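The structure appears right after this line, and notes come after that.
To keep things simple, chains are lettered A, B, C, D, E and F as they appear, and every chain counts its residues starting from 1.
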Amino acid sequence: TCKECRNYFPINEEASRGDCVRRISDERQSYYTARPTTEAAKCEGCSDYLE
Amino acid sequence: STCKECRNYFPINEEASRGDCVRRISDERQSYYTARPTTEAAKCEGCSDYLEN
Amino acid sequence: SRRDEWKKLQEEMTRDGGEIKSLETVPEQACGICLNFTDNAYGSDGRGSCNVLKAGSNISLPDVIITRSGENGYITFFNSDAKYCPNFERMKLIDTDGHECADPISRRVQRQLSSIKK
Amino acid sequence: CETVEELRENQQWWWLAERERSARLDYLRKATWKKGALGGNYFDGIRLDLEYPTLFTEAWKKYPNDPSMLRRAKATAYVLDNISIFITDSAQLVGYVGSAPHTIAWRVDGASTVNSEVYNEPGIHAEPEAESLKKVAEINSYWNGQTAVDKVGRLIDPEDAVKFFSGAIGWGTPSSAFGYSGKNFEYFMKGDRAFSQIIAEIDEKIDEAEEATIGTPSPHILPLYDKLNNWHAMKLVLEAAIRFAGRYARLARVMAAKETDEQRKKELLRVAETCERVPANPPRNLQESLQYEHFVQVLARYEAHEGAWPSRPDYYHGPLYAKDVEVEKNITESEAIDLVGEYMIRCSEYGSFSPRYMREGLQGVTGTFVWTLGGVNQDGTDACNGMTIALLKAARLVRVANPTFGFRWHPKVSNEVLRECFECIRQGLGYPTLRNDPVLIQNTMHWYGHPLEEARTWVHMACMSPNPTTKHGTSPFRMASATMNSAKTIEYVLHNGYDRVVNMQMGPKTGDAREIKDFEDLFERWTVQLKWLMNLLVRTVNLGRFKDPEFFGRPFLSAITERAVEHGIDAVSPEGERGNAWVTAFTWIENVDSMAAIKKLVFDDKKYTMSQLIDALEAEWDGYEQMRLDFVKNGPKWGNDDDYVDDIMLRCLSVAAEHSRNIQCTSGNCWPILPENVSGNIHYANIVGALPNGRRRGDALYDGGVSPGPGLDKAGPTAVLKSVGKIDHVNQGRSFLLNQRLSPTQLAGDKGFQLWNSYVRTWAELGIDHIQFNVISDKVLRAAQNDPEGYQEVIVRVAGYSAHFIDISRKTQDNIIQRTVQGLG
Amino acid sequence: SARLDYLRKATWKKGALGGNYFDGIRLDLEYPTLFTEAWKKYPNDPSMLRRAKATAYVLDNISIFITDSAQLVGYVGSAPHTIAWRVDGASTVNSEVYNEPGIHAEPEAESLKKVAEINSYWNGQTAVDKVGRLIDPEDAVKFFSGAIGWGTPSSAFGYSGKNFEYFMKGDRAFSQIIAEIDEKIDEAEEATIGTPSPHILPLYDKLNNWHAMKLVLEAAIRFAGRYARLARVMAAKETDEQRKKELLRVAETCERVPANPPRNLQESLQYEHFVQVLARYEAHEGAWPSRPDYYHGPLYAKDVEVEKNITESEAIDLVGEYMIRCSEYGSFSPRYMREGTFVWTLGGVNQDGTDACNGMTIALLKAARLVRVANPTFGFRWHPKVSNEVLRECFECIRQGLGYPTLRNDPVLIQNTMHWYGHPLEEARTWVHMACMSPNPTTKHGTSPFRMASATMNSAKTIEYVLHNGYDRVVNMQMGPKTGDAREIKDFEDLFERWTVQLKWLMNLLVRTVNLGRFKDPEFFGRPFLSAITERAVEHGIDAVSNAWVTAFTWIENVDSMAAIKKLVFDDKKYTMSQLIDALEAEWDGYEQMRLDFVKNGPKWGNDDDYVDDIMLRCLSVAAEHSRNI
Amino acid sequence: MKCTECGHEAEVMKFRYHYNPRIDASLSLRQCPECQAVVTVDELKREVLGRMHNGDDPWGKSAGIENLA
């Protein structure tokens, strides 16, 4: 799921909830982005998942 | 057939398509007449009160 | 904050939606046949209160939360399933007669409960 | 067997009236399906109407974007177009709320709780029980959540919503969906204005509004657009009403074609012509006037529940009755009596589904329908005429329980009218209920500041409360839905504001009981509880009335009131209306009787400590029966001309009146209290626990608002009159219900009227506003209890309304039988 | 500086060239999707409370980003390249979003499927749809036909004024506003459980409004906390010490503001950018009223000149990056509206009225010079005693050709505001540029909460209606009032009377539509966040937006035609009155010689000819009085 | 107490209390928990005497002039 992913980060040691961090490089600028994630959620059709 | 052939159908006007289905109901307490709008083009289908001619 | 407490109680009272779809049958062990159930008098919608359980209890989930220490009773409906409630007890006298005025303690006037003989 | 002479000699009145009435009246009386509730259940043959809810839901879904009142207008227009309409075999007056005579109407958007009760109600669904319940569930699924009462509950403070709808302290619904409204008879019932004239006025207003909104842009035209929609809605519904009448006319003509009897054909043609005339044009004869009023009421009841029937038939049908029967003799007196009796029967036939508190609180009646008789004109002269005599005779002939009469008695009432009212009372109808007209005029003027001329036109709103029918006097909302269970105040003083029924802390923690030092502390605690209850109920009803135009909307009522038509506002809007709001107080006597018992046995006798009293009340007099008997017998009771209790009663009324003057309605008027019980003394019989006056939970509360308890009074009727007379009816309260019972043997014969007239003079000289009488033997009621096979026309006055004996619940029957049989003399 | 160069090079311009976006710009779909889901969640809530809950849900679940060298955070959109969409602004806007090419992602089929589903849900439930339904059906069909003009009569588009004195003095932040709202809510709750009276009846919906006002600020604070978490994560990833310090400072800034009043210059700038961004998550907000040099003044002066907390060049760097963050914002606009510009005000006078100009004016000028953004154009407010160095810097900046500052004559503008508004003298000093020609003070009572979108009037269709008796060939409909047949006239004065009776109806149509929209928009389109940051709305617990002037389009071609018709047809008699009608019905087809004559000797505007200026003055004067009447 | 119809021998509280028409007298209606029959009870001395039928009037009246107890 999310827990094993490289970019998933827990908000706090005791919080199951994380924020997903994706490093994205656009034509003109590279930037970070975050989106909430519940950490129990299936990776399912996630193309950005990393080991 | 349709509401046209039913004995319980009465057109509101001699030219108008719309009419009233008028039926006589009997209860254990009373008997009365009930009127209900009908388009005269609707098929009888599952109408248990339909009576031709 | 009393506002949050009364909002929680009101939201528990308005148990509408899928639960309204559930009214067709009553479970084998229902709140409506429990001895600790006090039926509502404002309407026959099936709402009520619990004399034993209190405040934010919960009996729907398998891991029931039982809080017997509180100020306000637990809002239960006549068709709520009681197979997971520790304190459930089948009441010995069910007055299904609906031709008499409301008795919250011992009268059940709902249609579904009309066939529940003791 | 059962000959007229024998029936008169043996004092039977139901079978005598059956014998007396004509064939048409007998058929129409036996053709009515009773719409009352036996306990919480309707009559066995009654069925729930699915035609009106299905049609209303289908039409309502078609216009999601329309405003509430315009959308309701369109929906009810579609319903009136497509609903089944019927005419009984021997009916001269047409009109009904439903699709069949044996069927009650369902208020779809009244409340989600009401819809759930509809689904849960046994025996009111059609033969395909699975299919009928499936349709009901399909309706409920759509209508669950977006209901006006749900909006009110979500808007008010959550504590108020939880406690109000808990069913322990309130007996009302804060919306126009359930309740009633006042009819502006001065607008649509003066012989110059009918639906066509109102439509013309609305058209003129729409024309000027559209001209304003099509020309120069100024802020004054900004509020016009909503007004336009309102006006359109009103006009639309009015047009639908005309079309509705047209439908009946067409049906009548069709029936006239089929009939092979010349007289019935002639009557059907007359009915067709009547329905073609009214409500479009002002009535020209008696039948057209009756049909016009019945049409207005039926359309109003299609609009909403309308649990009361406010009308003054002898004052507005009086001119046309005088023109027809007396001035030019178009129709004989017998035909006039036939028309009036069948009009009353048509009034009784109305039935609708109401919440459980309304169903149990109104045993045997869909609602309380009171028609005002007698009175005075706006000038002040006697307003009684031959139409009043006709109405009294018709009521005696038909013996219909639900439509009752409130007679506005004034000193110059003609003796023949008093004799007819006494004859109606003596037959056991329970009505007319004599009302002291001058003190009621003064009461209206003092409370709401109505002008004298407007106040003279008052009619009963539901049971007791006067309400003028003028342009500003009339009230369009049931502000009395702030009903209170008065016993709750004293029960919360003794239980620290905790209620066992709802398992919730209801009242404020005025202080722990069991330690009240002196009577002053207890009275202060009771004052705190009473003020809390009044504030809660009045705030809830005030917000309901304020938000009703947006939540519910009423096109027809706004269409038939001068205020709304003139200003384009909704009817229930307080824009130009005098408040005329009051609080009803159920079981008021219990508070003062408990006060008396405590003040006597605890503080002034030291017979019992407060600890023993509280322990006995917690144990509900179990193992303390001797203590309960001591509290009943030794404790002085109201209605015995004893200053010990009467002073406490006056003090309670004084503090209540002071608080009423403090609080204000949506219009800024006062909130006087009205002691009365109806059948609420039985609905709440299990909601109020043991009290120091000797009651036990499950016992019935006291019958009337200010009447003595069952058997508690011992001095006699004169002492009751004197005790009630100590109340200043003009100042202390809005009105006070005084139920009483008279022995049929005493009232029989020549001298019965003289005794009744002496009692009436005594009642009037003491300034008592209201009196009621119940004249029925105990043996007849016991026989009806044993077997209801023949006693289908036995009527008993319960509290502010009359009902058939074999229809009310067994507990109510046993309690009504127990009332004291006072002896005049 | 290098960071300024990188940030300038890393911006995706949101301006429209030739009336169209650049290729890279894309429409954001995450924001409309989240907003629609949240809207679906709560059907029973009032408009403002429902919008507050929807915006809170969006801010919780929106995708946020921090650029590689960014020192300020906050963006209206899910990515730097995307554009904002006002999903429930107007159904016409939604349909144009569907139609518009080039702003849809690579799965163009799927993206258009999602856009079509969103439009299907929002079709018939938009605020403009409600305004059109409330107006009379004929008026709605005329207005939304597009022949008379294009306008959006709702608060979803328009210009919003910000009560800067309320939340930008330094005393108050979002937490202090939340505390005051809590005080108001507690007082209202106390009232609603007290004595019944008609006075407390309005307080219920007022309580709901206050609840929405509080919810939006809580959501905003959580949004800044999310940005702080992202900053801390990026600090954990990155290794360079300077970028580590910058990211930690960004995290501290996002934690301090908007919850608490700013302590340094960076916190002040970030607080203001957060306020602007959260404002533009609510509606279109076609303008940028803010003035930086005044409300950031004390903090910048304290940090740079008072105590040398930060180096001087870093101030210019931060201001340049602030303007960069200003330029990145953009929302979709209708093609007619896409054809505004974010304008700030510098210099000016204090509340007392003495030399509000400080060192940050110079900082702003230098940052604009090196950054060279086009949209953030700030005009200067010139008092008679401006310091010479400030004007020298302004002239040096104007030399570079940036197009700003556009010096505003401050005293005459002050007197204009004094004369037609009647604001107090001290209030009139503290004014900002709200609309292209409108000033608006930033005090409590002086501030205007919201101004309408100024719908567009086609000043050419009225003449065509006059000469066609109110009938347009473009659309087979009768729109203009039928005054008379153009064939029978008497004089150019009678023709002027017909034109005037057409034009009065045309202008009244737009004025009535905009006025009804302005009246009804509290119920149709609530504004929770705008109400939160205005002192009046917080104090009285009312919706913040509770005169309308319409722009004229193509008014010059009509006066050209009027001059040609007045002089050629009657004064010179070269052509008869019927021939022009017959040529116009054929659209000058087969009448090439007559068309060339009618445009040749028919004088064009700009000839400096008293006869042409005569009709120009007449046509403008007659409309001016009608505008005055309205 | 001892129910007349069946020898259930419960406590006074166990029997379900219906109502007492005469508030000054000590006699009311209670339902046996075993046989569910409605019977008349004498609260003063706490025993059941007879079952209650519809026509019966055990209470009488403590006032009035017509049917006194």
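Going forward, a contact is a pair of C-beta atoms (placed from the backbone, for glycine too) under 8 Å apart; a residue touches a chain by one contact, two chains touch by 3 or more.
To keep track of the chains, here are their UniProt names: A, B = 1-methyl alkyl succinate synthase subunit MasC; C = MasB protein; D, E = 1-methyl alkyl succinate synthase subunit MasD; F = 1-methyl alkyl succinate synthase subunit Mas E.
Common neighbours of chain B and chain E under the contact definition above: D. The chain with its Cα centroid farthest from the Cα centroid of chain B is A. Of all chains present, the one whose mean CA position sits nearest the global mean of protein CA atoms is D. Greatest Cα centroid separation from chain C (MasB protein): this falls to E.
Put simply, the C-alpha centre of chain C (MasB protein) and that of chain F have 31 angstrom between them.
Separating the centre of chain A from that of chain E, both taken as means of CA atoms, is a distance of 36 Å.
Chain E and chain F have CA centres that are 82 Å apart. If you average the Cα atoms of chain B and of chain C (MasB protein), the two centres end up 49 Å apart. Residues of chain E in contact with two or more other chains: 189. For chain C (MasB protein), residues that reach two or more other chains under the stated contact definition are 3.
A list of each chain pair in contact follows: A-E, B-D, C-D, C-F, D-E, D-F.
Those residues of chain D lying in contact with chain F across their complex are 621-623, 625-626, 628-629, 632-633, 685, 693-700, 709-714, 741, 743, 745, 777-778, 782-783, 785-786, 810-811, 814-815, 817-818, 820-823.
Remark: chain E residues 43-44, 124, 129-130, 133-136, 139, 189, 192-198, 200-201, 204-205, 508, 511-512, 515-516, 519, 629-630 touch chain D in the complex. Considering their complex, residues 12-13, 17-24, 26, 28, 43-44, 46, 54-55, 57, 59, 61-67 of chain F touch chain D. Here chain B touches chain D in the complex through residues 10, 12, 20, 22, 25, 27-37, going by the rule given at the top. Within the complex formed with chain B, the residues of chain D that make contact are 27, 30-33, 45, 81-82, 84-89, 99-102, 247, 250-251, 254-255.
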